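Q: Dumping the structure here so I can ask a few things about it.
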Amino acid sequence: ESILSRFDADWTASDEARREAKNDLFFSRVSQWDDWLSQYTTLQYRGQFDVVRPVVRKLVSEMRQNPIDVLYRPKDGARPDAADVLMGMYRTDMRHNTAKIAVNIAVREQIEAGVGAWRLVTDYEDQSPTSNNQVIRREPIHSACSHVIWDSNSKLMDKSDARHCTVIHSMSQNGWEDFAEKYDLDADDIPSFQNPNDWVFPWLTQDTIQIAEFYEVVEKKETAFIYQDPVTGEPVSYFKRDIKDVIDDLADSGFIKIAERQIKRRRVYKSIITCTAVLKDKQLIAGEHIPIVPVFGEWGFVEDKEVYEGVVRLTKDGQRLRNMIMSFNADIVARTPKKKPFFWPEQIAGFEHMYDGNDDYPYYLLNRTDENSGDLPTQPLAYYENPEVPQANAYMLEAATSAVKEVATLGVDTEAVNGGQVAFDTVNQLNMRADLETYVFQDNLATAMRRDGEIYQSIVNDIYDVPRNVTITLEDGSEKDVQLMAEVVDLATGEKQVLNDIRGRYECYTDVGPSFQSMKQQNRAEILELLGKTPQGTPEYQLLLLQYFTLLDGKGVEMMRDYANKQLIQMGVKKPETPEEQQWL
Amino acid sequence: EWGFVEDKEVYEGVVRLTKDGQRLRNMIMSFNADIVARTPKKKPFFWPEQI
């Protein structure tokens with residue numbers, strides 16, 4: 001019926017699989033264990049080979065330039081009044097390094113095993129509910145070969161669409177784990193799947209009961225500005241729009257509606273899982289967003305199914321033939337086991353006493369006795385053995401050897417310019433950009449001290465009812481400018497749950513890109529290319545302030561800030577913050 | 001790239017080289033492949049006078 005839907009959308013997976021289900025194992029079949037099916041009447045000693053790894057390991061050393069510590073952003077709309085506590089914008093993991101290390105085997109690996117992943121905090125865990133930014137991290141999903149594949153059009157980065165609603169990872173007897181945090185269920189959803197064991201079950205694990213989770217179906221929401229034919233019976237109700245100039249003002253012909261996002265009832269029916277049944281009811285997740293970004297790779301392709309192998313397919317050909325070198329001998333080593341010369345020896349068969357090792361020469365009774373017509377030998381000499389001193393393998397294996405080293409190739413050069421950064425590390429900065437919906441988009445945690453003028457304080461706006469006259473500062477007193485004062489203040493509206501299309505805030509997070517932007521940047525890149533390009537002058541050394549001065553240590557960062565420049569300002573400051581500074585008598 | 005005798009367009013690449021450079025190396029497998037994987041009784045063959 002029409003219940004099926006996404007099944008076909010998912011079944012094309014098994015239709016796109018064909019042999020990639022079998023041939024995506026092959027990626028590590030060359031890096032792991034045996035020579036598999038091809039050989040007919042295969043030989044002994046089985047499975048230790050290796051020799052592959054360094055290419056897909058040591059070049060990951062080229063991926064470690066990453067750290068890129070960044071803070072303290074310029075722009076207009078963003079007010080750096082709260083910049084003191086704003087530090088949560090830059091790094092959510094700032095209280096642990098384990099998040100930086102956790103890239104581990106997952107993220108670096110697009111070939112040897114499955115790709116990496118990333119998870120932000122599932123909203124509002126009760127841990128540490130105090131102030132702005134609290135995040136830590138978890139493992140990126142296990143490889144699980146190809147049978148975990150993420151496909152709709154296999155194009156977009158980070159959704160903005162409802163697809164790969166499938167979220168699955170394998171488990172064990174205890175692997176059910178934390179899902180019991182509310183209902184406890186039966187612990188068993190019990191879907192039944194079919195995996196390629198090749199039907200005879202030759203091996204150990206008979207386990208069953210494959211379980212998963214989903215979100216919703218196609219999850220399409222359009223704001224959908226609204227006008228329709230009034231009197232004609234109007235079935236199907238309202239459509240949705242692209243270009244507005246036609247429809248601007250109907251006020252003469254049109255009605256007065258004032259309707260904004262009214263649906264509040266069902267649209268698409270898949271429920272959740274299966275061909276033959278479905279069960280669950282009343283499942284919704286918090287507020288609905290998608291700041292969870294599984295990482296993707298990039299290569300342009302030819303046809304149909306989504307496949308891009310690793311960078312190195314070259315391991316097979318040259319490396320077969322070394323095992324061939326040891327094979328042609330290791331088979332015949334028992335067939336040339338250091339054996340006997342002949343025929344003037346009369347030893348033939350003899351007494352058993354003689355296998356004690358024979359360190360005395362005379363041995364046993366040699367004779368020339370034979371029977372024939374006359375004396376002449378027929379070749380009892382030349383044949384013993386002969387080597388062929390293997391020949392053709394010389395430059396065939398020099399070309400195999402010089403070949404299989406092509407896997408190591410990235411940007412062969414000397415030094416300095418024409419960077420050796422990896423094509424896989426240049427799609428890592430779009431993983432810095434992975435999340436589309438961050439923005440300032442939703443602000444609930446972390447935003448400020450108060451919300452909507454602390455939802456009390458705007459009462460000052462009503463205090464305009466006061467008679468007589470409003471005046472400016474007098475009766476100074478000793479307190480004066482100390483912080484946290486409210487008497488004469490002008491503020492209107494409010495701020496909560498961000499705003500509708502209104503600036504005054506902006507995303508402080510990532511400009512990541514080329515090396516342009518400098519706060520103090522290349523000063524900790526020191527002399528690696530030349531050295532300081534700005535000599536000095538008599539007034540001009542007072543402008544070197546921006547060059548050197550950096551960070552941290554203790555509170556000994558004082559450095560002329562609080563004394564010299566106050567009564568008169570000779571050299572200025574970089575972006576004076578100074579809520580209030582100078583007092584005058 | 002664009003230009004041609006007719007109006008047909010096959011883009012002009014730098015990778016068009018394949019040809020006989022590689023293929024004879026691919027033909028060499030006719031030499032070895034049948035005399036290695038097969039078992040053509042290569043031995044120190046002597047003294048089967050009869051049977």
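Convention: chains lettered A, B, ... in structure tokens order; per-chain residue numbering from 1; ligands numbered from 1 as shown.
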Could you write out, as a PDB file with C-alpha atoms, in the first residue's frame, all the residues of chain B that DSSP marks as helix (DSSP H, G or I)?

A:
```pdb
ATOM      1  CA  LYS B  19      47.907   3.095 -25.180  1.00  0.00           C
ATOM      2  CA  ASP B  20      50.843   0.735 -25.645  1.00  0.00           C
ATOM      3  CA  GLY B  21      52.896   2.193 -22.800  1.00  0.00           C
ATOM      4  CA  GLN B  22      51.070   0.146 -20.149  1.00  0.00           C
ATOM      5  CA  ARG B  23      49.436  -2.598 -22.172  1.00  0.00           C
ATOM      6  CA  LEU B  24      52.518  -4.673 -23.000  1.00  0.00           C
ATOM      7  CA  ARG B  25      53.147  -4.923 -19.274  1.00  0.00           C
ATOM      8  CA  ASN B  26      49.568  -6.173 -19.185  1.00  0.00           C
ATOM      9  CA  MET B  27      50.377  -8.697 -21.957  1.00  0.00           C
ATOM     10  CA  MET B  29      50.911 -11.929 -17.843  1.00  0.00           C
ATOM     11  CA  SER B  30      50.359 -14.288 -20.781  1.00  0.00           C
ATOM     12  CA  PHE B  31      53.979 -15.385 -20.300  1.00  0.00           C
ATOM     13  CA  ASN B  32      53.886 -16.226 -16.589  1.00  0.00           C
ATOM     14  CA  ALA B  33      50.248 -16.657 -15.585  1.00  0.00           C
ATOM     15  CA  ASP B  34      49.692 -19.980 -17.358  1.00  0.00           C
ATOM     16  CA  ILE B  35      53.094 -21.474 -16.435  1.00  0.00           C
ATOM     17  CA  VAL B  36      52.929 -20.530 -12.717  1.00  0.00           C
TER      18      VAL B  36
END
```

Q: Using only C-alpha atoms, what table do you get, as a Markdown table, when you list each residue of chain A with an atom no more than 9 Å from chain B, its nearest pair of atoms, and their distance in Å rounded to one decimal, rows by chain then rising number?

A:
```
| residue | atom | partner | partner_atom | distance |
| --- | --- | --- | --- | --- |
| A:39 | CA | B:37 | CA | 8.6 |
| A:40 | CA | B:37 | CA | 8.5 |
| A:324 | CA | B:36 | CA | 8.9 |
| A:328 | CA | B:36 | CA | 8.2 |
| A:335 | CA | B:43 | CA | 8.2 |
| A:336 | CA | B:44 | CA | 8.7 |
| A:383 | CA | B:44 | CA | 8.3 |
| A:384 | CA | B:44 | CA | 7.9 |
| A:385 | CA | B:44 | CA | 6.8 |
| A:396 | CA | B:25 | CA | 8.7 |
```

Q: Could you please take those selected residues and save N, CA, C and O atoms as a PDB file, in the first residue's frame?

A:
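Below is the file again_27.pdb, written as the result:
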```pdb
ATOM      1  N   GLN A  39      42.025 -17.632  -5.905  1.00  0.00           N
ATOM      2  CA  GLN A  39      42.910 -18.739  -6.251  1.00  0.00           C
ATOM      3  C   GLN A  39      42.137 -20.048  -6.353  1.00  0.00           C
ATOM      4  O   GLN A  39      41.248 -20.326  -5.544  1.00  0.00           O
ATOM      5  N   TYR A  40      42.481 -20.858  -7.355  1.00  0.00           N
ATOM      6  CA  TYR A  40      41.918 -22.194  -7.494  1.00  0.00           C
ATOM      7  C   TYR A  40      42.971 -23.210  -7.061  1.00  0.00           C
ATOM      8  O   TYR A  40      44.080 -23.235  -7.604  1.00  0.00           O
ATOM      9  N   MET A 324      54.503 -14.952  -4.292  1.00  0.00           N
ATOM     10  CA  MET A 324      54.823 -15.912  -5.346  1.00  0.00           C
ATOM     11  C   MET A 324      56.279 -16.360  -5.255  1.00  0.00           C
ATOM     12  O   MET A 324      56.579 -17.553  -5.402  1.00  0.00           O
ATOM     13  N   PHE A 328      56.859 -20.449  -4.960  1.00  0.00           N
ATOM     14  CA  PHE A 328      57.424 -21.417  -5.895  1.00  0.00           C
ATOM     15  C   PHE A 328      58.507 -22.254  -5.233  1.00  0.00           C
ATOM     16  O   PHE A 328      58.690 -23.427  -5.584  1.00  0.00           O
ATOM     17  N   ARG A 335      60.724 -30.795  -2.131  1.00  0.00           N
ATOM     18  CA  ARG A 335      61.002 -31.527  -3.355  1.00  0.00           C
ATOM     19  C   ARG A 335      62.460 -31.438  -3.791  1.00  0.00           C
ATOM     20  O   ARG A 335      62.845 -32.116  -4.751  1.00  0.00           O
ATOM     21  N   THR A 336      63.272 -30.627  -3.116  1.00  0.00           N
ATOM     22  CA  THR A 336      64.726 -30.619  -3.292  1.00  0.00           C
ATOM     23  C   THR A 336      65.412 -30.710  -1.932  1.00  0.00           C
ATOM     24  O   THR A 336      66.185 -29.828  -1.548  1.00  0.00           O
ATOM     25  N   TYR A 383      73.436 -34.578 -14.584  1.00  0.00           N
ATOM     26  CA  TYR A 383      72.185 -34.245 -13.911  1.00  0.00           C
ATOM     27  C   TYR A 383      72.308 -34.455 -12.406  1.00  0.00           C
ATOM     28  O   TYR A 383      72.524 -35.575 -11.932  1.00  0.00           O
ATOM     29  N   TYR A 384      72.182 -33.353 -11.667  1.00  0.00           N
ATOM     30  CA  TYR A 384      72.090 -33.317 -10.211  1.00  0.00           C
ATOM     31  C   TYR A 384      70.906 -32.422  -9.859  1.00  0.00           C
ATOM     32  O   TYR A 384      69.937 -32.857  -9.228  1.00  0.00           O
ATOM     33  N   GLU A 385      70.987 -31.181 -10.323  1.00  0.00           N
ATOM     34  CA  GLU A 385      70.009 -30.109 -10.209  1.00  0.00           C
ATOM     35  C   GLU A 385      70.559 -28.992 -11.071  1.00  0.00           C
ATOM     36  O   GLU A 385      71.744 -28.989 -11.415  1.00  0.00           O
ATOM     37  N   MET A 396      60.519  -6.678 -13.514  1.00  0.00           N
ATOM     38  CA  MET A 396      59.090  -6.768 -13.248  1.00  0.00           C
ATOM     39  C   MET A 396      58.803  -6.421 -11.794  1.00  0.00           C
ATOM     40  O   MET A 396      57.817  -5.737 -11.492  1.00  0.00           O
TER      41      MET A 396
END
```

Q: I'd like the contact shell of residue A:228 - 8 Å cut-off, only C-alpha atoms, skipping same-chain residues fewer than 3 positions apart - returned as a PyMOL selection string.

A: chain A and resi 234+237-239

Q: Can you pull out every residue within 12 Å of residue B:2, counting only C-alpha atoms, but drop anything in the same chain fewer than 6 positions away, and send it as a PyMOL selection string?

A: chain B and resi 8-13

Q: Residues of the last selection are to be written out with C-alpha atoms, as a JSON list (two decimals), in the first residue's frame.

A:
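See out_36.json below for the written result:
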```json
[["chain", "number", "residue", "atom", "x", "y", "z"],
["B", 8, "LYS", "CA", 31.84, 17.04, -32.27],
["B", 9, "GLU", "CA", 33.54, 17.83, -28.96],
["B", 10, "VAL", "CA", 35.85, 15.47, -27.08],
["B", 11, "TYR", "CA", 37.48, 17.64, -24.42],
["B", 12, "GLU", "CA", 41.26, 17.81, -24.75],
["B", 13, "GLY", "CA", 42.85, 16.37, -21.62]]
```

Q: Would you list the contacts of residue A:27 as a list in words, taking every protein, DNA or RNA residue within 9 Å and counting only C-alpha atoms, but skipping same-chain residues closer than 6 positions in sequence?

A: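 The filter keeps residues 111, 112, 113, 309, 310 and 313 of chain A.
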
Q: Can you spit out the residues from that selection as a PDB file, in the first residue's frame, using N, CA and C atoms?

A:
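Output file selection_34.pdb is given in full below:
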```
ATOM      1  N   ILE A 111      39.226   4.656   4.312  1.00  0.00           N
ATOM      2  CA  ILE A 111      39.536   3.490   3.486  1.00  0.00           C
ATOM      3  C   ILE A 111      39.684   2.240   4.345  1.00  0.00           C
ATOM      4  N   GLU A 112      40.657   2.241   5.258  1.00  0.00           N
ATOM      5  CA  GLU A 112      40.915   1.063   6.073  1.00  0.00           C
ATOM      6  C   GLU A 112      39.651   0.603   6.791  1.00  0.00           C
ATOM      7  N   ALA A 113      38.794   1.539   7.188  1.00  0.00           N
ATOM      8  CA  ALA A 113      37.486   1.230   7.760  1.00  0.00           C
ATOM      9  C   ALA A 113      36.589   2.455   7.592  1.00  0.00           C
ATOM     10  N   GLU A 309      36.303   4.736  -3.491  1.00  0.00           N
ATOM     11  CA  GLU A 309      37.286   3.974  -2.745  1.00  0.00           C
ATOM     12  C   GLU A 309      38.285   4.921  -2.089  1.00  0.00           C
ATOM     13  N   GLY A 310      39.254   4.336  -1.401  1.00  0.00           N
ATOM     14  CA  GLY A 310      40.357   5.097  -0.871  1.00  0.00           C
ATOM     15  C   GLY A 310      41.247   5.592  -1.990  1.00  0.00           C
ATOM     16  N   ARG A 313      44.542   1.883  -4.408  1.00  0.00           N
ATOM     17  CA  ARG A 313      44.163   0.555  -4.871  1.00  0.00           C
ATOM     18  C   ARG A 313      45.358  -0.278  -5.317  1.00  0.00           C
TER      19      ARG A 313
END
```
